[PDB]
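Working notes, beginning with the structure itself.
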Amino acid sequence: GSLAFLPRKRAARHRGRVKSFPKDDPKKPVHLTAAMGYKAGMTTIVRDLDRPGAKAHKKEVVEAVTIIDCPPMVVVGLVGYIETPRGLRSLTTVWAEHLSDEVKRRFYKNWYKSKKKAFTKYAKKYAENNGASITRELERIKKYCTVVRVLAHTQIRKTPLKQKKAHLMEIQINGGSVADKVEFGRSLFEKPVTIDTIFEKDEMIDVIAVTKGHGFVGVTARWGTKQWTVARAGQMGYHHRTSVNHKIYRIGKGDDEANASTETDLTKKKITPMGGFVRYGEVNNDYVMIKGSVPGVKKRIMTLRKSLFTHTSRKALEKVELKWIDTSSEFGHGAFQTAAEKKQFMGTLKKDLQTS
Amino acid sequence: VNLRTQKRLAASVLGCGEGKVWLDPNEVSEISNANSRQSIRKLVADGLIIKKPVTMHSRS
Amino acid sequence: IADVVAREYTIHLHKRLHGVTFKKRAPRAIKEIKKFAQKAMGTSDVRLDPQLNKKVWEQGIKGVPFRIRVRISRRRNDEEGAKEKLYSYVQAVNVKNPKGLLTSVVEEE
RNA sequence: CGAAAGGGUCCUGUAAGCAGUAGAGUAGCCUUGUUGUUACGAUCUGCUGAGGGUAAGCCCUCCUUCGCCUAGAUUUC
RNA sequence: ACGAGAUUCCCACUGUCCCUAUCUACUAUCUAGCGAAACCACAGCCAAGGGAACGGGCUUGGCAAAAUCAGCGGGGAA
RNA sequence: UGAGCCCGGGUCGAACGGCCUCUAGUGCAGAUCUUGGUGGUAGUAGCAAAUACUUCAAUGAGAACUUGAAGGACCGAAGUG
RNA sequence: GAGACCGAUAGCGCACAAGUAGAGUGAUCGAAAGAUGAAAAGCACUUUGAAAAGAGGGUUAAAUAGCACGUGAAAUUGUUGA
């Protein structure tokens with residue numbers, strides 16, 4: 001096996017941390033870096049390839065893509081860091097007024113029995129002429145910090161998940177003066193940020209998630225067998241992984257009602273498979289169609305971040321043209337893309353006449 | 001209550017095995033008092049103890 | 001609302017017996033029925049009719065039916081210094097098919 | 001939130017029963033039958049892509065029905 | 001010609017293998033009750049040095065944080 | 001100096017000591033010592049096969065392995081008679 | 001009748017229902033095991049417990065002597081204190 005992933009222990013957290021944001025210079029415009037989504041499943045697409053020099057040039061190729069449900073994130077805070085001889089240090093963070101119930105659920109282990117008063121005194125700071133305190137923290141970030149990050153949380157009431165406790169993370173603000181990005185973060189308070197604004201089509205991203213667990217496994221399946229360097233039994237899976245160079249093929253809007261339609265096939269259909277995504281449900285929000293496979297089980301929190309370096313391949317900066325998107329059922333050997341297509345093929349049934 | 005000895009004496013009185021005699025579940029207290037073969041014969045007449053017939057078996 | 005109430009439910013034992021070893025399906029079905037009444041009626045004291053044991057064991061140790069239609073009746077346990085004031089008694093009902101039936105309340109009148 | 005139910009999606013492959021002289025074949029009635037009749041009759045066909053199963057680690061629920069709820073115990077600057 | 005005799009060759013088959021994957025039952029696991037034995041100077045981290053190719057206690061370095069659960073077989077003359 | 005000697009406090013209930021001679025079955029860490037008792041290991045290893053058990057009631061302080069009834073299995077006259 | 005003997009792992013194997021219990025086909029082999037209190041005065045009665053027992057109350061000079069009974073060391077163990 002590989003000694004670069006040697007401490008094969010369970011991840012300390014279920015969310016997964018970025019661990020590196022792309023290097024910042026003030027010349028680029030102000031932008032965000034990362035976002036969160038929920039893994040929905042996989043589907044098959046047909047792509048009109050435009051790869052000069054390849055055997056499949058000017059031909060149709062069938063590829064596997066993964067769907068990540070991406071409801072808009074709400075910006076509810078701002079954090080500032082300073083450079084020290086001991087690394088980066090958090091100087092102060094400025095929260096927004098009027099936090100939602102979901103983001104407060106993250107702060108509690110027993111939300112149902114609690115007297116929900118998180119940030120109750122902090123809200124009075126805004127509205128009781130202690131706005132000097134809020135501005136003093138904002139000015140402190142401007143004149144002392146070198147990196148400013150945004151606290152954004154998901155909206156899982158839109159996600160078909162039984163979990164009600166949202167997910168917080170810090171997203172770095174890159175490309176600008178420290179003063180410019182602080183005004184950027186304050187203006188984003190209490191506001192939803194959509195995925196098509198953070199990323200876009202035919203760009204290559206990195207995804208961070210915790211892998212599927214397998215429990216106690218022996219040497220045959222853990223280390224791949226035909227001291228610290230000797231294969232042993234232990235935990236396999238549930239490991240933090242950072243996969244890079246995954247191309248976004250499509251960003252769906254959710255309100256389009258024709259998300260899975262292309263310029264080639266004129267079928268008004270959404271991305272959700274016939275009968276729903278197996279073990280997940282229906283994607284009713286913005287979604288990111290990522291090529292290939294991505295670490296994590298279905299309905300697992302998914303961390304999307306930008307590439308740390310400018311790309312060196314023609315796989316990037318190449319246009320992606322879609323011909324057809326599969327929507328047939330994943331619960332079996334499906335053969336119908338729409339409910340209408342099934343009824344047209346089989347005619348009318350005994351129950352159809354009895355009801356009518 | 002324990003009715004093991006009533007089961008044995010009923011088998012001898014009725015002339016069959018232990019598995020073919022039936023003691024009334026609703027009259028366990030009366031049967032428990034019955035500890036003599038004369039008394040069990042009274043319970044047999046009263047219907048509280050019954051000999052079950054042979055098991056049916058279709059030859060055809 | 002009342003402490004004494006009788007209702008009829010359908011129990012999907014196929015859901016609760018999936019994957020179980022064959023030589024344990026009938027005993028497991030009896031335990032699942034008790035758990036069903038212990039949670040539907042909130043009583044730890046659940047008594048099953050002997051003919052309910054008949055219906056579960058109709059088809060051998062591994063032939064428990066997929067759907068069983070029972071009646072659970074919460075009664076009062078008077079006794080003398082009983083640990084639980086209420087008890088639930090479960091019976092099998094006679095229906096043409098144990099499918100398509102909703103939860104219903106029976107009336108003593 | 002839970003249990004049912006309805007719908008969808010999948011799996012199998014056309015349920016029990018009834019009916020059609022379609023039906024090979026097995027037998028009675030009277031007298032010859034050139035088209036005589038009466039019964040049984042494996043099988044075939046129709047009702048019937050029906051019937052059965054469907055989350056247990058599939059999906060949805062507009063009042064689809066029924067029920068549960070602000071606990072009780074310990075510890076903590 | 002004969003032989004549960006041996007060998008070679010030919011046809012056929014095979015998870016033997018390329019290269020593994022899946023499934024079932026009893027264990028392994030946790031609980032209630034019951035409940036031993038082997039063995040035991042005292043202990044138990046590593047490296048270099050400790051003339052008698054001998055170290056476990058010395059030297060002088062690396063170090064070094066309570067209490068635990070599961071896996072293993074590395075160490076304990078002619 | 002030491003082997004040891006003396007006193008105080010607690011427990012206990014019936015005999016004992018100092019001096020000087022006599023006498024010996026007279027002084028223990030070892031003997032894979034003898035007898036007796038007690039530890040760590042340890043609430044650990046482990047508590048096997050004979051397909052298979054389930055429901056209500058009774059007894060009883062206490063019921064998986066005690067009884068009655070009912071169900072599901074078995075020996076199958078070379079038997080689990 | 002005595003002893004510069006032994007004093008319950010000693011003295012005979014046996015201070016006791018000891019050549020007994022027990023082992024072996026048999027010839028034979030062969031143990032362990034003494035002590036309440038001067039006197040049973042061996043705890044009436046009440047209460048909790050299914051019971052075994054516990055707690056009050058009592059006998060006694062003493063229960064720090066309750067028949068697992070004179071005195072009651074160490075190994076080993078519990079609680080409390082540091």
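Letters for chains follow the order of the structure tokens (A, B, ...), residue numbers begin at 1 for each chain, and ligand numbers begin at 1 in the order shown.
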
#### Entry: Secondary structure check, alpha helix (DSSP H) residues of stretch 11-245 of chain A, as an MDAnalysis selection string
chainID A and resid 101:105 120:127 131:144 178:187 195:198 219:222

### Task
If you run DSSP over the backbone, which residues in chain B end up strand (DSSP E or B)? Put them as a ChimeraX atom specification.
/B:21-23,49-51

Counting only C-alpha atoms (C1' of nucleotides), which residues in chain A sit no more than 12 Å from chain E? For each one, give the nearest pair of atoms and the distance in Å, sorted by chain then residue number, as JSON lines.
{"residue": "A:216", "atom": "CA", "partner": "E:71", "partner_atom": "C1'", "distance": 9.1}
{"residue": "A:217", "atom": "CA", "partner": "E:71", "partner_atom": "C1'", "distance": 10.0}
{"residue": "A:218", "atom": "CA", "partner": "E:71", "partner_atom": "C1'", "distance": 9.2}
{"residue": "A:219", "atom": "CA", "partner": "E:71", "partner_atom": "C1'", "distance": 11.2}
{"residue": "A:220", "atom": "CA", "partner": "E:20", "partner_atom": "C1'", "distance": 10.2}
{"residue": "A:221", "atom": "CA", "partner": "E:20", "partner_atom": "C1'", "distance": 10.4}
{"residue": "A:224", "atom": "CA", "partner": "E:20", "partner_atom": "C1'", "distance": 11.0}
{"residue": "A:225", "atom": "CA", "partner": "E:20", "partner_atom": "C1'", "distance": 11.1}
{"residue": "A:226", "atom": "CA", "partner": "E:19", "partner_atom": "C1'", "distance": 8.6}
{"residue": "A:227", "atom": "CA", "partner": "E:74", "partner_atom": "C1'", "distance": 8.2}
{"residue": "A:230", "atom": "CA", "partner": "E:74", "partner_atom": "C1'", "distance": 11.1}
{"residue": "A:231", "atom": "CA", "partner": "E:72", "partner_atom": "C1'", "distance": 11.0}
{"residue": "A:232", "atom": "CA", "partner": "E:72", "partner_atom": "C1'", "distance": 8.2}
{"residue": "A:233", "atom": "CA", "partner": "E:71", "partner_atom": "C1'", "distance": 6.5}
{"residue": "A:234", "atom": "CA", "partner": "E:71", "partner_atom": "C1'", "distance": 7.5}
{"residue": "A:235", "atom": "CA", "partner": "E:71", "partner_atom": "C1'", "distance": 10.9}

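Within the 8 Å cut-off around stretch 22-39 of chain E, using only C-alpha atoms (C1' of nucleotides) and omitting residues fewer than 5 positions from it on the same chain, the listed residues are residues 45, 46 and 47 of chain F.
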
### Task
Extract, using only C-alpha atoms (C1' of nucleotides), all DNA, RNA and protein residues at most 12 Å from residue B:39, discarding same-chain residues fewer than 6 positions from it, and format them as number ranges by chain.
B: 6, 9-10, 13, 30-33, 45-46, 48-49

### Message
Need the shell around stretch 84-87 of chain C: protein/DNA/RNA residues with any atom at most 12 Å away, counting only C-alpha atoms (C1' of nucleotides). Skip same-chain ones fewer than 3 positions apart. Format as a PyMOL selection string?
### Response
chain C and resi 2-6+34+37-38+41-48+72-81+90

### Counting only C-alpha atoms (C1' of nucleotides), chain D residues within 7 Å of chain C, as number ranges by chain
D: 4-5, 56, 65-66

Requested write-out: C-alpha atoms (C1' of nucleotides) of the selected residues, as a PDB file, in the first residue's frame:
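The resulting file, again_34.pdb, is shown below:
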ATOM      1  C1'   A D   4     -50.744   1.530   7.992  1.00  0.00           C
ATOM      2  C1'   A D   5     -52.679   2.902   3.138  1.00  0.00           C
ATOM      3  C1'   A D  56     -36.236  -4.489   5.602  1.00  0.00           C
ATOM      4  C1'   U D  65     -56.284   7.070   8.016  1.00  0.00           C
ATOM      5  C1'   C D  66     -54.552   6.135  13.131  1.00  0.00           C
TER       6        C D  66
END

### Task
For stretch 11-14 of chain G, list every protein, DNA or RNA residue within 12 Å, evaluated using only C-alpha atoms (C1' of nucleotides), and leave out those in the same chain fewer than 3 positions away; present the list as a ChimeraX atom specification.
/G:5-8,18-20,29-33

Any chance you could export the current selection's N, CA, C and O atoms (P, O5', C5', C4', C3', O3' and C1' of nucleotides) as a PDB file, in the first residue's frame?
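Heads up, here's the output in selection_33.pdb:
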ATOM      1  P     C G   5      12.164 -33.455  81.383  1.00  0.00           P
ATOM      2  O5'   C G   5      12.417 -34.068  79.936  1.00  0.00           O
ATOM      3  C5'   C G   5      12.970 -35.365  79.774  1.00  0.00           C
ATOM      4  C4'   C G   5      12.468 -36.029  78.518  1.00  0.00           C
ATOM      5  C3'   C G   5      11.392 -35.277  77.748  1.00  0.00           C
ATOM      6  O3'   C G   5      11.936 -34.285  76.894  1.00  0.00           O
ATOM      7  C1'   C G   5      10.779 -37.556  77.974  1.00  0.00           C
ATOM      8  P     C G   6      11.053 -33.028  76.428  1.00  0.00           P
ATOM      9  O5'   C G   6       9.863 -33.674  75.596  1.00  0.00           O
ATOM     10  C5'   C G   6      10.055 -34.088  74.253  1.00  0.00           C
ATOM     11  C4'   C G   6       8.741 -34.270  73.539  1.00  0.00           C
ATOM     12  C3'   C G   6       7.705 -33.184  73.768  1.00  0.00           C
ATOM     13  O3'   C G   6       7.931 -32.044  72.961  1.00  0.00           O
ATOM     14  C1'   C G   6       6.687 -35.318  73.929  1.00  0.00           C
ATOM     15  P     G G   7       7.652 -30.574  73.535  1.00  0.00           P
ATOM     16  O5'   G G   7       6.089 -30.377  73.327  1.00  0.00           O
ATOM     17  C5'   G G   7       5.469 -30.766  72.109  1.00  0.00           C
ATOM     18  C4'   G G   7       4.026 -31.147  72.313  1.00  0.00           C
ATOM     19  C3'   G G   7       3.099 -29.985  72.666  1.00  0.00           C
ATOM     20  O3'   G G   7       1.853 -30.108  71.991  1.00  0.00           O
ATOM     21  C1'   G G   7       2.979 -31.660  74.344  1.00  0.00           C
ATOM     22  P     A G   8       1.265 -28.847  71.193  1.00  0.00           P
ATOM     23  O5'   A G   8       0.488 -29.511  69.979  1.00  0.00           O
ATOM     24  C5'   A G   8       1.104 -30.529  69.202  1.00  0.00           C
ATOM     25  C4'   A G   8       0.096 -31.267  68.360  1.00  0.00           C
ATOM     26  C3'   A G   8      -0.953 -30.389  67.685  1.00  0.00           C
ATOM     27  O3'   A G   8      -1.264 -30.932  66.404  1.00  0.00           O
ATOM     28  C1'   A G   8      -2.019 -31.977  69.069  1.00  0.00           C
ATOM     29  P     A G  18     -12.853 -43.062  66.189  1.00  0.00           P
ATOM     30  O5'   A G  18     -11.690 -44.121  65.961  1.00  0.00           O
ATOM     31  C5'   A G  18     -11.964 -45.390  65.380  1.00  0.00           C
ATOM     32  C4'   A G  18     -10.704 -46.083  64.926  1.00  0.00           C
ATOM     33  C3'   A G  18      -9.643 -46.308  66.002  1.00  0.00           C
ATOM     34  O3'   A G  18      -8.935 -47.503  65.683  1.00  0.00           O
ATOM     35  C1'   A G  18      -8.724 -45.030  64.265  1.00  0.00           C
ATOM     36  P     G G  19      -8.874 -48.730  66.712  1.00  0.00           P
ATOM     37  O5'   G G  19      -7.817 -49.723  66.050  1.00  0.00           O
ATOM     38  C5'   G G  19      -8.188 -50.597  64.988  1.00  0.00           C
ATOM     39  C4'   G G  19      -8.287 -49.874  63.667  1.00  0.00           C
ATOM     40  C3'   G G  19      -8.701 -50.734  62.471  1.00  0.00           C
ATOM     41  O3'   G G  19      -9.472 -49.930  61.582  1.00  0.00           O
ATOM     42  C1'   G G  19      -6.641 -49.723  62.016  1.00  0.00           C
ATOM     43  P     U G  20     -10.488 -50.605  60.540  1.00  0.00           P
ATOM     44  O5'   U G  20     -11.668 -49.545  60.427  1.00  0.00           O
ATOM     45  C5'   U G  20     -12.538 -49.299  61.522  1.00  0.00           C
ATOM     46  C4'   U G  20     -13.046 -47.880  61.511  1.00  0.00           C
ATOM     47  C3'   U G  20     -13.314 -47.288  60.137  1.00  0.00           C
ATOM     48  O3'   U G  20     -14.579 -47.660  59.625  1.00  0.00           O
ATOM     49  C1'   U G  20     -12.077 -45.747  61.442  1.00  0.00           C
ATOM     50  P     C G  29       0.519 -52.890  54.675  1.00  0.00           P
ATOM     51  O5'   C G  29       0.016 -51.559  53.962  1.00  0.00           O
ATOM     52  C5'   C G  29       0.659 -51.084  52.790  1.00  0.00           C
ATOM     53  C4'   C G  29      -0.091 -49.941  52.156  1.00  0.00           C
ATOM     54  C3'   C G  29      -0.433 -48.774  53.060  1.00  0.00           C
ATOM     55  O3'   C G  29       0.665 -47.917  53.303  1.00  0.00           O
ATOM     56  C1'   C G  29      -2.301 -49.312  51.718  1.00  0.00           C
ATOM     57  P     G G  30       0.934 -47.375  54.788  1.00  0.00           P
ATOM     58  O5'   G G  30      -0.371 -46.528  55.125  1.00  0.00           O
ATOM     59  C5'   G G  30      -0.694 -45.369  54.373  1.00  0.00           C
ATOM     60  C4'   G G  30      -2.106 -44.905  54.627  1.00  0.00           C
ATOM     61  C3'   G G  30      -2.475 -44.632  56.072  1.00  0.00           C
ATOM     62  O3'   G G  30      -1.974 -43.403  56.562  1.00  0.00           O
ATOM     63  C1'   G G  30      -4.188 -45.883  55.070  1.00  0.00           C
ATOM     64  P     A G  31      -1.537 -43.290  58.101  1.00  0.00           P
ATOM     65  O5'   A G  31      -2.888 -42.913  58.847  1.00  0.00           O
ATOM     66  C5'   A G  31      -3.151 -41.578  59.245  1.00  0.00           C
ATOM     67  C4'   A G  31      -3.580 -40.720  58.085  1.00  0.00           C
ATOM     68  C3'   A G  31      -4.128 -39.351  58.453  1.00  0.00           C
ATOM     69  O3'   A G  31      -3.102 -38.400  58.670  1.00  0.00           O
ATOM     70  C1'   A G  31      -5.572 -40.391  56.894  1.00  0.00           C
ATOM     71  P     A G  32      -3.036 -37.571  60.041  1.00  0.00           P
ATOM     72  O5'   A G  32      -4.146 -36.447  59.863  1.00  0.00           O
ATOM     73  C5'   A G  32      -4.104 -35.549  58.766  1.00  0.00           C
ATOM     74  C4'   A G  32      -5.447 -34.913  58.525  1.00  0.00           C
ATOM     75  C3'   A G  32      -6.091 -34.252  59.732  1.00  0.00           C
ATOM     76  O3'   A G  32      -5.607 -32.941  59.955  1.00  0.00           O
ATOM     77  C1'   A G  32      -7.680 -35.611  58.625  1.00  0.00           C
ATOM     78  P     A G  33      -5.157 -32.483  61.425  1.00  0.00           P
ATOM     79  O5'   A G  33      -6.503 -32.527  62.274  1.00  0.00           O
ATOM     80  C5'   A G  33      -7.624 -31.730  61.923  1.00  0.00           C
ATOM     81  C4'   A G  33      -8.887 -32.257  62.555  1.00  0.00           C
ATOM     82  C3'   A G  33      -8.848 -32.441  64.063  1.00  0.00           C
ATOM     83  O3'   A G  33      -9.070 -31.240  64.779  1.00  0.00           O
ATOM     84  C1'   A G  33      -9.708 -34.394  63.072  1.00  0.00           C
TER      85        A G  33
END

### Summary
In Å and to one decimal, atom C1' of residue G:76 is distant from atom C1' of residue F:27 by 28.7 Å

### Message
Please find the residues of chain C near chain E - the criterion being any atom within 12 Å, counting only C-alpha atoms (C1' of nucleotides) - and write them as number ranges by chain.
### Response
C: 19-23

### Query
Mind listing as a ChimeraX atom specification which residues of chain C are within 9 Å of chain F, counting only C-alpha atoms (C1' of nucleotides)?
/C:23-24,26-27,30,47-54,57-61

Could those selected residues go to a file with C-alpha atoms, as a PDB file, in the first residue's frame?
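Printed below is again.pdb as written:
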ATOM      1  CA  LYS C  23     -35.103 -21.570  12.466  1.00  0.00           C
ATOM      2  CA  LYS C  24     -35.832 -18.302  14.297  1.00  0.00           C
ATOM      3  CA  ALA C  26     -41.578 -17.806  14.112  1.00  0.00           C
ATOM      4  CA  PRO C  27     -40.089 -17.007  17.568  1.00  0.00           C
ATOM      5  CA  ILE C  30     -43.823 -13.299  18.353  1.00  0.00           C
ATOM      6  CA  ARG C  47     -50.406 -10.599  26.432  1.00  0.00           C
ATOM      7  CA  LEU C  48     -50.951 -12.467  23.170  1.00  0.00           C
ATOM      8  CA  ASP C  49     -53.955 -14.668  22.510  1.00  0.00           C
ATOM      9  CA  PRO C  50     -53.075 -18.365  22.089  1.00  0.00           C
ATOM     10  CA  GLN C  51     -54.738 -18.297  18.670  1.00  0.00           C
ATOM     11  CA  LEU C  52     -52.458 -15.415  17.697  1.00  0.00           C
ATOM     12  CA  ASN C  53     -49.601 -17.843  18.331  1.00  0.00           C
ATOM     13  CA  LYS C  54     -51.550 -20.234  16.100  1.00  0.00           C
ATOM     14  CA  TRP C  57     -47.027 -20.744  13.570  1.00  0.00           C
ATOM     15  CA  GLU C  58     -49.524 -21.824  10.881  1.00  0.00           C
ATOM     16  CA  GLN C  59     -46.894 -22.463   8.213  1.00  0.00           C
ATOM     17  CA  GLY C  60     -44.029 -23.929  10.240  1.00  0.00           C
ATOM     18  CA  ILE C  61     -41.104 -22.235  11.918  1.00  0.00           C
TER      19      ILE C  61
END

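Every protein or nucleic acid residue with an atom no more than 10 Å from stretch 4-12 of chain F, counting only C-alpha atoms (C1' of nucleotides) and leaving out same-chain residues fewer than 2 positions away, appears here: residues 2 of chain F; 64, 70 and 71 of chain G.
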
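Pairwise distance (atom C1' of residue G:60, atom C1' of residue G:38) equals 11.1 Å.
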
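Atom pair atom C1' of residue D:12 / atom CA of residue A:280 has a distance of 26.1 Å (rounded to one decimal).
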